[PDB]
Ligand SMILES: CCCCCCCCCCO[C@@H]1O[C@H](CO)[C@@H](O[C@H]2O[C@H](CO)[C@@H](O)[C@H](O)[C@H]2O)[C@H](O)[C@H]1O
Ligand SMILES: CCCCCCCCCCO[C@@H]1O[C@H](CO)[C@@H](O[C@H]2O[C@H](CO)[C@@H](O)[C@H](O)[C@H]2O)[C@H](O)[C@H]1O
Ligand SMILES: CCCCCCCCCCO[C@@H]1O[C@H](CO)[C@@H](O[C@H]2O[C@H](CO)[C@@H](O)[C@H](O)[C@H]2O)[C@H](O)[C@H]1O
Ligand SMILES: Nc1ncnc2c1ncn2[C@@H]1O[C@H](CO)[C@@H](O)[C@H]1O
Ligand SMILES: Nc1ncnc2c1ncn2[C@@H]1O[C@H](CO)[C@@H](O)[C@H]1O
Ligand SMILES: Nc1ncnc2c1ncn2[C@@H]1O[C@H](CO)[C@@H](O)[C@H]1O
Ligand code: NA
Ligand code: NA
Ligand code: NA
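Chains as they are written, first to last, in the deposited numbering: chain A, 2 to 229, 241 to 416; chain A', 2 to 229, 241 to 416; chain A'', 2 to 229, 241 to 416. A prime marks a further copy of an entry chain.
#1: Taking 7 Å as the cut-off, does the CB of residue 380 of chain A come closer than this to any heavy atom belonging to ligand 4?
#2: Let me check understanding here. Comparing Cα to Cα, which of A:331, A:350 and A:386 lies closest to residue 370 of chain A?
#3: Establish whether the CB of residue 118 of chain A'' and some CB of chain A are separated by less than 8 Å.
#4: Any idea if residue 117 of chain A is buried or exposed, counting beta-carbon neighbours within 10 angstroms, 16 or more meaning buried?
#5: Could you pull out every unbroken alpha helix (DSSP H) segment of at least 4 residues lying fully inside the segment 189 to 225 of chain A', listed in chain order?
#6: Is the beta carbon of residue 302 of chain A closer than 8 Å to that of residue 325 of chain A?
#7: Under 8 Å between C-beta atoms, does residue 224 of chain A'' make it to chain A?
#8: Report yes or no: is there a C-beta of chain A'' within less than 8 Å of the C-beta of residue 262 of chain A'?
#9: Name the residue from A'':135, A'':18, A'':173 and A'':142 whose alpha carbon lies nearest to the alpha carbon of residue 39 of chain A''.
#10: Here's the rule I'm using: 16 or more other beta-carbon atoms within 10 Å means buried, otherwise exposed. How should residue 372 of chain A be labelled?
#11: With a threshold of 7 Å, establish whether the CB of residue 244 of chain A neighbours any heavy atom of ligand 1.
#12: Flag this pair as yes or no: are the beta carbons of residue 101 of chain A'' and residue 191 of chain A'' separated by less than 8 Å?
#13: What residue range does the alpha helix (DSSP H) around residue 116 of chain A'' cover?
#14: Using a Cβ-Cβ cut-off of less than 8 Å, list which residues of the segment 66 to 97 of chain A approach chain A'; keep chain order.
#15: Taking a contact to mean a Cβ-Cβ separation below 8 Å, would you say residue 105 of chain A touches residue 259 of chain A in this structure?
#16: Would you decide whether residue 3 of chain A' is buried or exposed? Buried here means 16 or more other CB atoms lie within 10 Å of its CB.
#17: Does the beta carbon of residue 247 of chain A' sit closer than 8 Å to a beta carbon anywhere in chain A''?
#18: In chain A', which residues lie with their C-beta within 7 Å of the C-beta of residue 266 of chain A''?
#19: Looking at chain A', is there any beta carbon in it that lies within less than 8 Å of the beta carbon of residue 275 of chain A''?
#20: Any idea if residue 7 of chain A is buried or exposed, counting beta-carbon neighbours within 10 angstroms, 16 or more meaning buried?
#21: Any C-beta of chain A' within less than 9 Å: which residues of the segment 341 to 371 of chain A'' qualify?
#22: Which of the residues in the segment 179 to 199 of chain A, read from start to end, lie with their CB under 7 Å from any CB of chain A''?
#23: At least one CB of chain A'' closer than 8 Å to the CB of residue 401 of chain A: is that the case?
#24: Looking at the unbroken alpha helix (DSSP H) that takes in residue 1 of chain A', where does it start and where does it end?
#25: Taking the straight line between their C-alpha atoms, what separation do you get for residue 125 of chain A'' and residue 119 of chain A''?
#26: In its own chain, which residues sit with a C-beta less than 7 Å from the C-beta of residue 202 of chain A, not counting the 5 before and 5 after it?
#27: With a cut-off of 8 Å, do at least 3 Cβ pairs link the segment 168 to 184 of chain A' to the segment 206 to 214 of chain A'?
#28: Mind listing, in chain order, the continuous alpha helix (DSSP H) runs of no fewer than 4 residues lying wholly within the segment 9 to 84 of chain A''?
#29: So, are the CB atoms of residue 111 of chain A' and residue 295 of chain A'' less than 8 Å apart?
#30: With residue 195 of chain A and residue 340 of chain A assumed to form a contact (beta carbons below 8 Å), what rounded beta-carbon distance in angstroms separates them?
#31: Find the residues of chain A that neighbour residue 337 of chain A', judging by a C-beta separation of less than 8 Å, and give them in chain order.
#32: Quick one: what does DSSP say residue 125 of chain A'' is sitting in, helix, strand or coil?
#33: Measuring CB to CB, does residue 293 of chain A'' end up less than 8 Å from residue 319 of chain A''?
#34: Please name the residue in A:222, A:388 and A:362 whose C-alpha comes closest to that of residue 197 of chain A.
#35: Is the Cβ of residue 317 of chain A'' closer than 8 Å to any Cβ of chain A'?
#36: Which value, in whole angstroms, describes the spacing of the CA atoms of residue 49 of chain A and residue 109 of chain A?
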C-alpha cells in the first residue's frame with residue numbers, strides 16, 4: 002500500500018547517496034529540510050483541504066490566462082482553431098501547430114511583462130529567501146531554484162548572473178539541477194493545452210525547487226565556501253513574444269523530426285525483432301519493459317507499470333515534450349488503455365521536468381554564456397545533473413502518488 | 002464645419018511649437034513650405050479631379066501587384082486560401098496567417114528587386130531633391146524622407162548611410178521622425194489585404210514625407226551646420253523574401269501575444285472596474301474615453317469620437333498593426349458600429365504610421381547600427397520623435413478629413 | 002533515334018572544352034573515366050536488370066523513410082494533412098506548406114543522425130575512394146564529390162574542411178561544381194513528395210558525383226600540385253531538425269515570392285507583348301522558345317521540346333525548386349500537356365541540381381566560411397562553376413534519355 006511508496010523514496014535517496022561526490026560532506030540540515038519541504042508541500046496541496054483550494058485556485062487562474070491568450074491565436078488562424086474543425090475532421094480537427102504552439106508565444110511574452118513590472122522578482126525573492134534560511138543554501142542558488150518554478154533552465158540563473166562566474170562547483174551543480182528538475186511557464190501552458198491537468202503541472206513546478214536542491218546537495222554537497241532591460245512594458249512584451257516564437261519553431265521542428273524518427277525506429281525494430289520471433293517489436297515495448305520496474309517503484313500498479321514505463325522512458329531518452337505527446341491521448345476518452353487516476357498523476361509528475369541529455373547542450377549554451385570559463389565544469393557535471401534532475405521528478409512523482 | 006478642421010491644424014502645430022527645442026530657430030521657409038506641400042498634396046489627390054485619378058491609378062496598380070503576389074501564397078497554402086474556406090468556416094474562413102502575412106514576404110522581395118534595378122533610387126532622388134530645394138532641408142534628410150514613403154524606418158536611411166554618423170542632431174531627429182511618421186510598403190499591402198482602402202494608405206505614405214519634415218523642423222530646428241548589394245536580381249529577390257519572412261514571423265508572433273495580452277487586460281479590468289461599479293470596463297473604453305477629444309479635434313463627429321479614439325489610442329500605446337486589426341472589422345458589412353465614410357478615412361490616416369514607443373528600440377537597433385556612437389542621441393530624442401511622428405499622422409488625418 | 006543523344010553528349014563535352022581554362026592541360030584519364038563512370042552508372046541502373054532492381058530497392062527504402070517521417074507532420078498539422086482535405090477542397094486539399102516542407106526538417110535530422118553514427122562517412126569514404134583511384138583526382142575533391150550525392154553544396158565540403166583553405170584552384174572549382182551539379186537529401190525527399198519519381202532523383206544524385214568531376218576537370222584541369241560534433245545522437249537529431257527548419261522557412265518564403273514575382277512578370281509581359289501583337293506573352297513562352305533547342309538537343313521530341321524548355325529554363329534563370337513546382341502538375345492525371353514517359357525522365361534529370369546563379373552566393377557564405385581568404389576565387393569561378401554544374405545535369409539527362 003503506502004509502504005511501497007515510502008520504500009521508493011528511500012531508494013531514490015539511496016541512489017543519490019551512492020552517486021554522491023562526498024557522502025561525509027552531506028549537510029543533514031540541508032538535505033533533511035529539502036526533502037521535508039518537498040514532502041510537506043506535497044502534503045499541503047494534494048492532501049489537506051486548504052492547500053487543495055489554493056492549488057485549484059492558482060490552476061484556474063492559469064487556465065483563464067491561457068484562454069485569454071487564445072484570443073490572439075484565434076485572430077491569426079481564424080476558423081482553423083474553431084469548433085467547426087471537429088465537425089469536419091473529427092478528432093483530427095485539433096491542429097497541434099495552431100492550438101498548442103502559439104501558447105508558448107503568449108506566455109513567454111506575459112512572463113517578460115511580469116518581469117518588467119517586478120512582479121516575478123518579488124515572488125522569487127520570497128520563495129528563494131525562504132529556502133536559503135531553511136536549508137542553509139547560498140543566496141544565489143536559492144534564487145535560481147525559486148526562479149526555475151516559473152521560467153526555463155537558462156532563463157532562471159539570469160536573476161543572479163553576476164554571481165554565476167564565481168560560484169562554487171556545488172553551487173553551479175545546484176543551478177544546473179534546478180533547471181533540469183523543472184520546466185518553464187511557456188511549455189507548462191502548452192502541456193495544459195494537451196490535456197495534462199494543470200494542478201499537476203503547477204504542483205510539480207513548485208516541488209521542483211526544493212527537490213532540485215535536495216538531490217543536488219545529495220549528489221554534490223558544498224565542500225567549498227560561497228560568497229555574499242527593455243525600455244518599456246510594450247518592448248518587454250514584444251521581446252518575450254519573439255523569444256516564444258523562436259522556441260515555438262524549435263519545439264515544432266523537434267516534434268516533427270523526433271516522432272518521425274521514432275516511426276522510422278519502429279519500422280526497423282519490426283524487422284530486427286522479427287529475426288528473433290518478435291515482429292511486433294517497437295520502441296514503446298522496449299522503453300516499457302525497461303522502465304516498468306522504475307515505474308512500479310514510484311507507485312504505479314503492477315498491471316500498469318509497463319504502460320507507464322513507456323512514457324517515463326521516452327521522457328528520459330528524449331525529452332518530456334515527446335513523452336507528453338504520446339501520453340496526451342491517454343488523458344482522453346479515446347485512450348487505448350484506461351489508466352487509474354493515481355497512475356495518470358504519477359506519470360504527469362515524473363514527466364514534468366527538463367531532465368534529459370539534450371538539455372546539457374542547452375545549459376552549455378545559455379548558462380555557459382553567463383560564465384564562459386565554466387563551460388568545462390558544466391559539461392563535466394552534465395550527466396550527474398541530469399540524474400539528479402531525474403531523481404527529483406521521480407521523487408515528486410512518488411510523493412504525489414503517496415497522497416493519492 | 003470646416004472651421005473645426007482648420008483649428009485642429011493650428012492646435013497640432015501649436016503643440017509642436019510649445020514642445021520645440023528652440024522656437025526662435027524655426028525656419029519659416031522650411032516649416033511653412035512643409036505644411037504647404039503636405040496640404041497641397043492632400044488637396045491634390047483627395048479633392049481635385051486629376052489628382053484623384055492619379056491616386057486611384059496608383060492604388061489599382063498596387064492592388065494588382067498584391068493579387069499577383071497572391072499566386073505564391075496560393076501555391077503554398079493551397080485550398081486554405083481558397084473560396085471553399087468561406088463555404089465551410091463562413092467568416093472565420095479568412096485565415097490571417099495565410100492571407101495577410103505572406104504579402105509581407107512578396108512585397109519585401111519586390112522592393113528589393115526594384116532597388117537592384119535602380120528604380121527605387123530613381124524615384125527617391127526626384128522626390129528627395131524636390132524637398133530640399135523647396136524646404137531648404139539638407140540632402141541626406143530629404144532623401145531619407147522620400148525613401149520612407151516606400152520602405153521602413155530602418156531601411157530608409159540606408160540610401161544615405163555614410164552621412165548618418167556625422168549628421169547634426171536636427172538631421173538625425175528628422176531621420177527618426179521620417180520613419181515614425183510613415184510605414185513600409187510591405188505592411189501597407191498587408192493592411193490593404195485587411196480591408197483598408199489603398200487610396201488612403203498610399204496618400205498617407207506620400208504625405209508622411211513633408212509631414213515628417215514639418216514636425217521635425219518644428220520640434221527640432223536646425224541650429225548647427227550640415228555637410229554636403242546582391243550579385244544579381246534573383247539574389248536581390250531571394251534576399252528580400254528572407255527579410256520579409258523574418259518580419260512576417262515577428263509581426264505574427266506580436267499579434268498573437270498583444271491581442272492575447274489585451275484579452276488578459278480586459279479580463280482584469282472587468283474585475284477591477286467592478287469594484288467601482290463598472291464591470292463592463294475594458295481597454296477599448298479607456299482608450300476611447302481618453303482619445304475622444306483628440307479624435308474630435310482632428311475632424312471626427314461627436315457621436316463617433318469615442319469609437320474612433322479606441323483605434324487611435326491603441327495605435328499609440330501599442331502599434332498601428334494591432335490598431336488596424338481591431339479597425340478592420342469596422343470596414344466590412346458585419347461592423348458593430350456603422351461609421352461615416354469621412355470617419356473611416358480619418359482613422360485610416362491617423363493610424364498610418366510607425367509612431368510608437370516600441371519603434372524607438374527598432375531605431376536604436378537598425379538606425380543605431382549605421383551610427384554606433386549616435387545611439388545616445390537616438391534614445392534621447394526618441395520620445396520627442398514619436399510625438400513629432402504622431403502629430404504628422406494626426407495632421408495628415410486632419411487634412412484628409414478636411415477635403416472630404 | 003539514339004544518334005541524336007550521342008551527338009548531344011558530344012556537344013555538351015564540346016562546349017566544356019571550348020570554355021576550358023586550358024585544353025592542353027586536360028587529363029584524358031580523368032575526364033575519360035569520369036564520363037565513362039557516369040555513362041556506365043546510367044547504363045547500370047537504367048538499362049540492365051540487376052541495376053534496376055538495386056535502384057528500385059533503394060528508392061522504395063527512401064519512400065518508406067519519407068512515410069515514416071510523415072508521422073511527425075501528421076501529429077503537428079493533424080487533419081490538415083489527412084484524406085478529408087481532398088473530400089473538402091478537392092485538388093486544393095494538398096497543402097504544400099504542410100505536406101512537402103516538413104519533409105525537409107525530418108530528413109535533415111535523419112542525415113544528421115547518420116553522420117553521428119558514422120554511417121554517412123563510411124559510404125562517402127568508399128565512393129570517394131573509388132573515384133580518386135579511377136580518375137586520379139585528389140583525396141579531398143573526391144570525398145566532396147561523393148558527399149554531394151547525399152547532402153547539400155555547403156554541407157559536403159565539411160568532411161574535408163581542413164583541406165579547403167589550401168586546395169588548388171582546380172580543386173576548389175571541382176568542389177564548387179560538385180555541389181552545383183547535385184542536390185541535397187532533404188530537398189530530394191521534398192521533390193519526391195511533389196510527384197517526382199524517386200528513381201530519377203536517386204539516379205541523378207549518384208550520377209552527379211562523376212558528372213560533377215567530369216565538367217570540372219574539363220573546364221578547369223589541374224595545373225598545380227595538390228596535397229595529401242554533437243554530444244549524443246539525440247543532440248545530432250535536434251540539431252539537424254533546426255537546420256531543416258531554417259531551410260524549410262527559407263524555401264517556403266522563396267516560393268511565395270518567386271511564384272508571385274513570376275505572376276507579376278507575366279502580367280507585365282501580357283501588356284508589353286501586346287504592343288507587338290502578342291498579348292498572350294508570358295515567361296513560360298519565352299523560356300520555352302529559348303530553351304527548346306537545348307531540350308531538343310538532349311533527347312526531347314520536337315513536339316515536346318518547347319514545353320520541356322519551360323522547365324529547364326526556369327531551373328536555370330531561377331532555381332530547380334521553382335521549376336519542379338511548375339513541373340509537378342505535369343506528373344499527374346490533371347496535366348495540361350500529356351508528355352511521353354521518356355520526356356518526363358529527361359526533365360527530371362535536367363532539373364536535379366543546384367546549378368544556378370543564386371547558389372554562388374550560398375557558396376560564398378557556407379563554403380566561403382571554410383576558407384575566408386578564398387572568397388575571391390569562389391566569386392571569380394562562380395559563373396563557370398554554374399555552367400559546369402549545368403552541363404552535368406544536361407549530360408545526366410542525355411544519358412538517362414539514351415537508355416530509355
Ligand atoms: C496594450 C495596451 C497596454 C497599455 C499600457 C501603456 C504602457 C506605457 C509605456 C511607457 O513606459 C515608458 O516608456 C519610455 C520609452 O521607452 C521609457 O523611457 C525610456 O526611454 C526613453 C527614451 O526613449 C528615455 O528618455 C528614458 O530615460 C527611458 O527610461 C520609460 O522608462 C517607460 O517608463
Ligand atoms: C523568374 C525569372 C526571371 C528571369 C531574369 C533573369 C536574371 C539574370 C541575372 C543575371 O545577372 C548577373 O548575374 C551575375 C552573377 O551573380 C552577376 O555577376 C556578379 O557575380 C559574378 C560571379 O559570380 C562576377 O563575375 C561578376 O563580376 C559580378 O558582377 C552580374 O552582376 C549580374 O549582371
Ligand atoms: C527516440 C529514442 C531513441 C533512443 C536512443 C538513446 C540514445 C542515448 C544517447 C547517449 O549518448 C551519450 O550521451 C552523452 C551525453 O551527451 C555523451 O557524453 C558526452 O557528454 C558528457 C557530459 O555531458 C561527457 O561526460 C562525455 O565525455 C561526452 O562524450 C556521450 O558521448 C554519448 O555516448
Ligand atoms: N524555456 C526553455 N528553456 C530551455 N530549454 C527549454 C525550454 N523549453 C523547452 N526546452 C527544451 O526543450 C525540451 C522539450 O520541452 C526540454 O526538455 C528542454 O531541453
Ligand atoms: N519595415 C519595418 N521596419 C521597421 N519596423 C517595422 C517595419 N514593419 C513593421 N515594423 C514595426 O512593427 C510595428 C507594427 O507594424 C511598427 O509600428 C514598427 O514598430
Ligand atoms: N541543402 C542545401 N544547401 C544549400 N543550398 C540549398 C540546399 N537546399 C536548397 N538550397 C538552395 O535552394 C535552391 C532551391 O532548392 C537551390 O538551388 C539552392 O540554391
Ligand atoms: Na525551470
Ligand atoms: Na517609412
Ligand atoms: Na550535393
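Built from N, CA and C at the ideal position, the CB exists for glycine as well.
Let me spell this out:
#1: It does not: the Cβ of residue 380 of chain A is nowhere closer than 7 Å to a heavy atom of ligand 4.
#2: For the residues A:331, A:350 and A:386, the minimum Cα distance to residue 370 of chain A belongs to A:331.
#3: With 8 Å as the cut-off, residue 118 of chain A'' does not count as an interface residue toward chain A.
#4: With 16 or more other CB atoms across the displayed protein chains lying within 10 angstroms of its CB, residue 117 of chain A is buried.
#5: Fully enclosed alpha helix (DSSP H) runs of no fewer than 4 residues occupy 199 to 220 of the segment 189 to 225 of chain A', in order along the chain.
#6: Residue 325 of chain A places its beta carbon less than 8 Å from that of residue 302 of chain A.
#7: No, because no Cβ of chain A sits closer than 8 Å to the Cβ of residue 224 of chain A''.
#8: Not a single C-beta of chain A'' is nearer than 8 Å to the C-beta of residue 262 of chain A'.
#9: Per the Cα distances, A'':135.
#10: With 16 or more other Cβ atoms within 10 Å, it is buried.
#11: Yes.
#12: Against a cut-off of 8 Å, the Cβ pair of residue 191 of chain A'' and residue 101 of chain A'' comes out as a contact.
#13: Note, residue 116 of chain A'': alpha helix (DSSP H), 102 to 117.
#14: Sequence-ordered contacts of the segment 66 to 97 of chain A with chain A' read 66, 69, 70, 71, 72, 73, 74, 76, 77, 78, 79, 80, 81, 83, 85 and 89 [C-beta pairs closer than 8 Å].
#15: Closer than 8 Å, so yes.
#16: That one is exposed.
#17: Yes, its Cβ sits closer than 8 Å to a Cβ of chain A''.
#18: Against chain A', the beta carbon of residue 266 of chain A'' has neighbours under 7 Å at 250 and 253, listed in chain order.
#19: So, interface residue.
#20: So residue 7 of chain A counts as exposed.
#21: For the segment 341 to 371 of chain A'', the beta-carbon criterion of a distance under 9 Å to any beta-carbon of chain A' is satisfied by 368, 369 and 370.
#22: Those would be none; no residue qualifies.
#23: For residue 401 of chain A, no Cβ of chain A'' is located within less than 8 Å of the residue's own Cβ.
#24: Here chain A' covers residues 2 to 416 and nothing more, so residue 1 of chain A' does not appear.
#25: The straight-line gap from Cα to Cα measures roughly 10 Å.
#26: Correct list, in chain order: 189, 192, 193 and 364.
#27: Touching, yes, given that three or more Cβ pairs across the two stretches are closer than 8 Å.
#28: Runs of the alpha helix (DSSP H) inside the segment 9 to 84 of chain A'': 29 to 47 and 50 to 77.
#29: For residue 111 of chain A' and residue 295 of chain A'', no; Cβs fall outside 8 Å.
#30: Right, their Cβ atoms sit about 4 Å apart.
#31: Correct list: 76.
#32: Residue state, collapsed to three classes: helix.
#33: Against a cut-off of 8 Å, the Cβ pair of residue 319 of chain A'' and residue 293 of chain A'' comes out as no contact.
#34: When only C-alpha atoms are compared, the closest one is A:362.
#35: For residue 317 of chain A'', no CB of chain A' lies under 8 Å from its own CB, so it is not counted at the interface with that chain.
#36: Approximately 32 Å between the Cα atoms of the pair.
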